[PDB]
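Engineer: Structure in structure tokens, see below.
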Amino acid sequence: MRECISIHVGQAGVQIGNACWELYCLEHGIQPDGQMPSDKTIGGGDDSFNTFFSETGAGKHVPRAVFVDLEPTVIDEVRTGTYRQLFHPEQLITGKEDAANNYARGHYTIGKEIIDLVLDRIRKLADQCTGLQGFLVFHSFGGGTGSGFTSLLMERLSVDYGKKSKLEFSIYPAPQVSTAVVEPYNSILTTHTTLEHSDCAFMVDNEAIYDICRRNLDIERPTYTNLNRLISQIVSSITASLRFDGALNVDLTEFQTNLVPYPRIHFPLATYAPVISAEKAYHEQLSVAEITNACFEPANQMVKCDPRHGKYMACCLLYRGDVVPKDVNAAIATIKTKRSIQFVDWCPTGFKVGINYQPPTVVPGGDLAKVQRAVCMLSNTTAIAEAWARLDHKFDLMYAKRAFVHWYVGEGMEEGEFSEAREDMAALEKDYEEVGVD
Amino acid sequence: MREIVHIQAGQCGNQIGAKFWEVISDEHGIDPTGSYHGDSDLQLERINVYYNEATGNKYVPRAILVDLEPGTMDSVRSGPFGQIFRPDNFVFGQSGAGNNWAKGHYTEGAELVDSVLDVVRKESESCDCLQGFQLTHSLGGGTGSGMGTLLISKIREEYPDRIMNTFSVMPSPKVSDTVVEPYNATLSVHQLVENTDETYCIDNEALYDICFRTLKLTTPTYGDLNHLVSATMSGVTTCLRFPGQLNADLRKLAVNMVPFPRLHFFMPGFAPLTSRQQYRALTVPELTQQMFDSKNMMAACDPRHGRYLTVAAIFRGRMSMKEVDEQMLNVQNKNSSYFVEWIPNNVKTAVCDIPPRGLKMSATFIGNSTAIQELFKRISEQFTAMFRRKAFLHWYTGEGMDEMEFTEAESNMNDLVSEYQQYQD
Amino acid sequence: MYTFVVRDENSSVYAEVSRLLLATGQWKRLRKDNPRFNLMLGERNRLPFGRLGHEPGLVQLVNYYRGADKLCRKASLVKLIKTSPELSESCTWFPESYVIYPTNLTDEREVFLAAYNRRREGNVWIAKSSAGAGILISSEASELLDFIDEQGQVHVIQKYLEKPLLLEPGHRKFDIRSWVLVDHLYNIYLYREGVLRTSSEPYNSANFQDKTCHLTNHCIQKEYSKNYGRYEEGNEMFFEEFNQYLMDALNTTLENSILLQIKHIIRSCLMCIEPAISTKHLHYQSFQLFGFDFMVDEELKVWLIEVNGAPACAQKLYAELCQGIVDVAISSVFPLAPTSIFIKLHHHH
Amino acid sequence: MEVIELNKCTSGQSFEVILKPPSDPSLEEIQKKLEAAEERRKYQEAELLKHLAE
Ligand SMILES: Nc1nc2c(ncn2[C@@H]2O[C@H](COP(=O)(O)OP(=O)(O)OP(=O)(O)O)[C@@H](O)[C@H]2O)c(=O)[nH]1
Ligand SMILES: Nc1ncnc2c1ncn2[C@@H]1O[C@H](COP(=O)(O)OP(=O)(O)CP(=O)(O)O)[C@@H](O)[C@H]1O
Ligand SMILES: Nc1nc2c(ncn2[C@@H]2O[C@H](COP(=O)(O)OP(=O)(O)O)[C@@H](O)[C@H]2O)c(=O)[nH]1
Ligand SMILES: CNc1ccccc1S(C)(=O)=O
Ligand SMILES: CNc1ccccc1S(C)(=O)=O
Ligand SMILES: CNc1ccccc1S(C)(=O)=O
Ligand SMILES: [Ca+2]
Ligand SMILES: [Ca+2]
Ligand SMILES: [Ca+2]
Ligand SMILES: [Mg+2]
Ligand SMILES: [Mg+2]
Ligand SMILES: [Mg+2]
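Residue numbers (PDB author numbering), protein chains in the order written: chain A, 1 to 438; chain B, 1 to 42, 45 to 278, 281 to 360, 369 to 437; chain F, 1 to 105, 125 to 140, 144 to 155, 159 to 362, 371 to 382; chain E, 6 to 28, 44 to 74.
Right under this line is the structure:
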């Protein structure tokens, strides 16, 4: 058994962590006090769930997580919340004043003065591991901490844990749930400095999560609880292989192997179904083909884009619930003859399927309804580059006037790092086009 | 614990600052004796932002009252909530400033500033994590204008990485105490251009027009004008004083509202503005339509004459946040020619459940608009009309100043006008 | 108050639409880079579809279907017809065509010569490309290939219709242009008004060197033809006249002899690519005007030549058609506070 | 359309299908970047205090 340390940075990461570990506990039968009745090995063991949980002599199962925020208001909720007992105080790290939505402030000014502390707490979790696989880093693009401090942490993690793998769960900036005008700057700054340090990144666009909550859940104005509980479902579908017995995506190295043939193009597109309102009278349960066919509908992608106009570099189908290999392939053939799945000539036109029989777990009183089977499709498509274009364009509108640049220079960042970061995204857009277009 | 140190200087400053603490103290359930008697925990949620907690669960405003004459501050001390202020936090002199900037900034003011900074330093030494400062004052007088700007310069020297915020009353010939107000205002504007991060520009002429026309009052008093400033201040500080979905924080506001260091002079406004047909319920469309209308703005500038660099809008009360988003998007998507297209999504909106005392719902408007240049143009013209004849200069040259310094303030602001001009095209 | 942007200054069609939109007093135009717009009359090349449908509160609409280039490119159309089972390589209304890359660069060179050698054992072919006004008509296979190699872009060789239906008097060739508009719901509307771009020169099958009686383009006839505008004004006959001619000469109607096949060809083409370009479940919506060019042989069989993705309209039909676009394509998504001029081609979605 | 590498356990199974065949900075360098910006801040603040002293 090999362990996975999750790092939650900034408000977005920390709150999304709340949703994930809440769900991780309900799935593995863990109580808020850390007790796990089904676990028969008391205070130890190398089970599949031990990749995310340690065990004390008192039978407590402790997440292998670190919560970091430059301001203490968010993490303080965890300290007095329902799962306050799961974590010990060392795992929760908080500063006193945040980065104020300023990448330079979280990376340089504030980041420098606390970087060595976080690493010290991560080293503690690492020392409890007999074979650490790597790290899962949750953060936002727009936040000053999520962007500025994350990239600094990634650089140092590559220095102290050279051979370890690092995956990201990143929140793409969406105006419908943001009051930050400068998030395009932060997103592009942090993608520039993190690119060479992340092996595989899963981008969730808040615009996508916002619409899925309104169209499928009939939530007129969603809250972070609605958004995050849905985000942790996708996260649970993506990390389930690491926490359960299986043969597909058993370690973090398998995520680059099965999803990233080209290093820089390490941003798979996630697709999930079904999402049914719990307030619904009672839904007609969907089949394997219907939920598989939905994986090619834009309305359930974590990033709004058109895969019909791209090329696939890899594809993983993660199923949870009542699904047998016969049904999966049955629906696939039906989709190959109806959809336009154009792969790249240097990649096999195949896909890997993983089936976990336990159907998705639902948070009591949550928004999602209980379903018998669901799927999450990870497909490395050149179509996701549309999100880069959108973002880069907004970055260009403001940078042409140097608007807000003084806030970054004032924290010690040089202006040239801007254009250097933008030139890198321009290279990223060119790569996607050299692989997708003809 | 992100504390704000408040400072009010001079007649206008202390009278306006007074009502400000009279308003928000009511919104947080704090009585004249500092005791809390509200009914919602949201009232105390962020209470320590503006209030210090003393023994006996008493809440003492974190304010510093400053003046060069005792008259105005004595009144506040005898005023409605006069008891609530900290006895020590009154720092005053006896000579006064005679509506002279030079006296407040160079002679009289200099003799008193150190003892003020000793009190500021005292409030900061107890702050867990100080966000920054906010200053109420007028620019047309001598103390709040001349000495206020001196305080800001010295506060920045001792706290260079703290946010400096001010509510600055601009002088109009129609609401004028003396003919030297243009002289005093041009000198302060330069200081503010350098040493503040945000400056809510309140024009006394707009306060009059709102009282006269929109509110239907025959040439009111400074007291009537001040209830508008009270409301405005309570509005722009709502997201700071209550648990809003956003993190608030003065620096975050600055980062999102100030694309360029010198263009940080905001146009405030709010709705409703109803005359005494007052019990009528106001719909979310009505709040939005009026909130963007010029007649509800305190700067006395026509926004349809410039362009919005950034806009903030706080809605207060239990309302349809869906209908709120609908209406805001309807104002933008119906007048997008007045917003710069090189700042994506430059209009942000937050809601606050707690409304102004006695109101079901309200809206506050905060606009960083290039139309503010019309204000600095007025002051510049009024200034040059006298300075071209050196009229009334002897009051200032007699306190040690020189004409050269005036000529620089003049040029400094004409450049500030040019700067607002290049960003409108 | 609806807002739209204009990003193609060279569009004669939507210039009238934008003119009409402004006439209604309910449509406001914005700078070509202001992202807050309801309607985009976008550019031809490299239209940034990825930036559409991401502005909160705005239902956005655009006048191009992303992916239509597959149907409006000389070489793309051929590949789409040969590889799409809906059309099949046995498509009976599209001339035998082949994709030929120049030797300085898949490629169907050998496959073409096989069919050519079979015919030699009418074998007149024509070559053309999308980077032309540059066309060549010849009956020797050596002259067609050597012509393509002298260029640098992809070309297409297809069978030349050696028996084109000739109009009398004049014994002159011609072609038919039909305008088709597809709205956000993917309803195929055929403009009731077509046009015949006729040749003012007598067709001659013993000389393909002179390309004035073979090519019926409005620019060639008005530049290289010396009888331009003799029979019909501007070498443009409309359905009323061409319909009366078919009745006096051939004893048949334009509807039954040609239009049925046209309506069939339009359906089969548009229905084919619907899964790849439909915006039914997309964050924005799309519509687009198309210009279908047909040929008619002496047997009254209709043939598809090409499909233009940014076509022009006959001078006499700009008002009627452009207003039609505002009715069914724009106001259908942004209503404004008949006897339709279109023919709805029902189909299975 | 071949199914390959079918793994089956109590909690699920996984397989692969092939529809069609195919055709850093050191801790030294990071500390320098961090201290470089910190110096730029000290310089900018130095000029501000110089301004204020004037
Ligand atoms: N999906 C989701 N997005 C969030 C959440 N919280 C914040 N965001 C997004 O993150 C962006 C802002 O970044 P934050 O995480 O709040 O900033 P930060 O990391 O705390 O850094 P600071 O500026 O110092 O506060 C906005 O675009 C939000 O939409 C969350 O709980 N869920
Ligand atoms: N296979 C074929 N048989 C007979 N005539 C043909 C032909 N291919 C092309 N033509 C002639 O060429 C003309 C159309 O040329 P084509 O449309 O390919 O060039 P083009 O695309 O530059 C003009 P357009 O503006 O209609 O797009 C017609 O008038 C037709 O007579
Ligand atoms: N809105 C408002 N403006 C005031 C008030 N008192 C004075 N002013 C304005 O401020 C300017 C005079 O400043 P003053 O208060 O005398 O400043 P001081 O020298 O510091 O006391 C004039 O333009 C007045 O119109 C007040 O109570 N409310
Ligand atoms: C508050 N009113 C005021 C104050 C000073 C000078 C003149 C006036 S007024 C507008 O009544 O002419
Ligand atoms: C009339 N508005 C008002 C009055 C008193 C206190 C606060 C407000 S506000 C601008 O926040 O709505
Ligand atoms: C007063 N500022 C405000 C109000 C509502 C929403 C957002 C903001 S902010 C701090 O992002 O500019
Ligand atoms: Ca165990
Ligand atoms: Ca590495
Ligand atoms: Ca003295
Ligand atoms: Mg934060
Ligand atoms: Mg006075
Ligand atoms: Mg053409």
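Think of the CB as a built atom: it goes at the ideal place given N, C-alpha and C, for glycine as much as any other residue.
Rounding to the nearest angstrom, what Cα-Cα distance links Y312 (chain B) and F377 (chain B) in this structure?
Structural biologist: Their backbone Cα atoms lie some 12 Å apart in a straight line.
Engineer: From A:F87, A:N102, A:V68 and A:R105, pick the residue whose C-alpha is nearest to that of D120 (chain A); which is it?
Structural biologist: It is A:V68.
Engineer: At a CB-CB cut-off below 9 Å, which residues of chain A make contact with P300 (chain F)?
Structural biologist: Under the 9 Å cutoff, chain A gives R308, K338, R339 and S340.
Engineer: Just the Cα atoms here: how many angstroms apart are residue 401 (chain F) and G436 (chain A)?
Structural biologist: Chain F is shown from 1 up to 382; residue 401 (chain F) falls before or after that span and cannot be answered.
Engineer: For the 8 Å Cβ check, are there 3 or more pairs between the stretch 374–390 of chain A and the stretch 253–268 of chain A?
Structural biologist: Output reads yes: the stretch 253–268 of chain A touches the stretch 374–390 of chain A.
Engineer: Check whether chain A comes within 8 Å of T314 (chain B), counting only Cβ atoms and requiring the distance to be less than that.
Structural biologist: Cβ-Cβ to chain A under 8 Å: yes for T314 (chain B).
Engineer: At what residue ranges does the stretch 122–172 of chain A contain a whole run of the beta strand (DSSP E), taking only runs of 3 or more?
Structural biologist: The stretch 122–172 of chain A contains these whole beta strand (DSSP E) runs: 134–140 and 165–172.
Engineer: Would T240 (chain B) and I318 (chain B) be called neighbours here (beta carbons separated by less than 8 Å)?
Structural biologist: It is a contact, given that the beta carbons lie within the stated cut-off.
Engineer: Can you tell me the Cα-Cα spacing of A389 (chain A) and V182 (chain A), whole angstroms?
Structural biologist: About 16 Å.
Engineer: Can you give me the Cβ contacts of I30 (chain A) inside the same chain, cut-off strictly under 6 Å, excluding the 5 residues immediately before and after it?
Structural biologist: For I30 (chain A), where only same-chain residues beyond five positions count, the Cβ hits under 6 Å are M36 and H61.
Engineer: Between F272 (chain B) and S374 (chain B), is the Cβ-Cβ spacing less than 8 Å?
Structural biologist: Cβ distance < 8 Å, so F272 (chain B) and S374 (chain B) count as in contact.
Engineer: Give the C-beta separation of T168 (chain B) and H139 (chain B) to the nearest angstrom, bearing in mind that I take them to be a contact with Cβ-Cβ under 8 Å.
Structural biologist: Confirmed, Cβ separation roughly 7 Å.
Engineer: For a test of your reading of the model: does the CB of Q11 (chain B) fall under 7 Å from any non-hydrogen atom of ligand 11? Yes or no.
Structural biologist: Because some heavy atom of ligand 11 lies under 7 Å away, the Cβ of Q11 (chain B) counts as near it: yes.
Engineer: Whole angstroms are fine: how far does the CA of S48 (chain A) sit from the CA of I265 (chain A)?
Structural biologist: In a straight line, the C-alpha of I265 (chain A) is about 30 Å away from that of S48 (chain A).
Engineer: Just the residues with CB closer than 7 Å to a heavy atom of ligand 8, in chain order, which are they?
Structural biologist: Cβ-based neighbours of ligand 8 within the cut-off: A:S158, A:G162, A:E196, A:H197 and E:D44.
Engineer: Leaving out five residues on either side along the sequence, give the residues of the same chain with a beta carbon under 6 Å from the beta carbon of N424 (chain B).
Structural biologist: If we look at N424 (chain B) and ignore the five residues flanking it on each side, its Cβ neighbours are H192.
Engineer: What does the shell around ligand 12 hold, if a residue joins when its beta-carbon is under 6 Å from any heavy atom?
Structural biologist: So the residues near ligand 12 by this Cβ test are F:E331 and F:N333.
Engineer: Do you know whose CA, among F:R292, F:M320 and F:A337, lies nearest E86 (chain F)'s CA?
Structural biologist: The candidate whose alpha carbon is nearest that of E86 (chain F) is F:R292.
Engineer: Since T3 (chain F) sits in a beta bridge, which residues does DSSP pair it with?
Structural biologist: Looking at the DSSP assignment, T3 (chain F) forms a beta bridge with F:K28.
Engineer: If you follow the beta strand (DSSP E) that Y53 (chain B) is in, where does it begin and where does it stop?
Structural biologist: From DSSP, the beta strand (DSSP E) with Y53 (chain B) extends over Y53 to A56.
Engineer: For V358 (chain F), does the three-state DSSP call read helix, strand or coil?
Structural biologist: Coil at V358 (chain F), not helix or strand.
Engineer: Residues bridged to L41 (chain F) by DSSP?
Structural biologist: F:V6.
Engineer: The stretch 339–361 of chain A: which residues have C-beta closer than 9 Å to a C-beta of chain E, in chain order?
Structural biologist: Listed by position along the chain: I341, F343, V344, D345, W346, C347, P348, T349, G350, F351, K352, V353, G354, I355, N356, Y357 and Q358.
Engineer: Return yes when the Cβ of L42 (chain B) is within less than 8 Å of the Cβ of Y36 (chain B), no when it is not.
Structural biologist: Taking 8 Å as the Cβ cut-off, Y36 (chain B) and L42 (chain B) do not qualify as a contacting pair.
Engineer: What do you reckon, is the C-beta of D98 (chain A) under 7 Å from a heavy atom of ligand 1?
Structural biologist: The answer is yes for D98 (chain A).
Engineer: Between which residues of its own chain and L191 (chain F) is the CB-CB distance below 7 Å, once the five residues before and five after are set aside?
Structural biologist: Excluding residues within five positions, the ones whose Cβ falls inside 7 Å are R197, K198 and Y228.
Engineer: Report yes if the C-beta distance between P222 (chain B) and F395 (chain B) is below 8 Å; otherwise report no.
Structural biologist: No; because the gap between Cβ atoms is not below 8 Å, this pair is not in contact.
Engineer: Any C-beta of chain E sitting closer than 8 Å to the C-beta of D120 (chain A)?
Structural biologist: No, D120 (chain A) lies away from the interface with chain E (no Cβ there is under 8 Å from its Cβ).
Engineer: Show which residues of chain E have a CB atom less than 9 Å away from the CB atom of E159 (chain B).
Structural biologist: Here the neighbours are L68, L69, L72 and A73.
Engineer: Between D69 (chain A) and ligand 11, is the CB less than 7 Å from at least one heavy atom?
Structural biologist: Result no, Cβ not under 7 Å from ligand 11.
Engineer: Run through DSSP, which three-state label would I209 (chain A) get?
Structural biologist: If DSSP states are grouped into helix, strand and coil, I209 (chain A) belongs with the helices.
Engineer: Quick one: is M272 (chain F) buried, meaning 16 or more other Cβ sit within 10 Å of its Cβ, or exposed?
Structural biologist: Looking at its Cβ environment, which holds fewer than 16 other Cβ atoms inside 10 Å, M272 (chain F) is exposed.
Engineer: When DSSP labels each residue in this structure, what does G95 (chain A) get in the three-state scheme?
Structural biologist: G95 (chain A): coil per DSSP, three-state reduction.
Engineer: Note down the Cα distance separating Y256 (chain F) from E193 (chain F), rounded to an integer number of angstroms.
Structural biologist: For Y256 (chain F) and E193 (chain F), the distance between alpha carbons rounds to 10 Å.
Engineer: CB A18 (chain B) to CB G111 (chain B), shorter than 8 Å?
Structural biologist: Not closer than 8 Å, so no.
Engineer: Here's the rule I'm using: 16 or more other beta-carbon atoms within 10 Å means buried, otherwise exposed. How should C244 (chain F) be labelled?
Structural biologist: Exposed is the call here.
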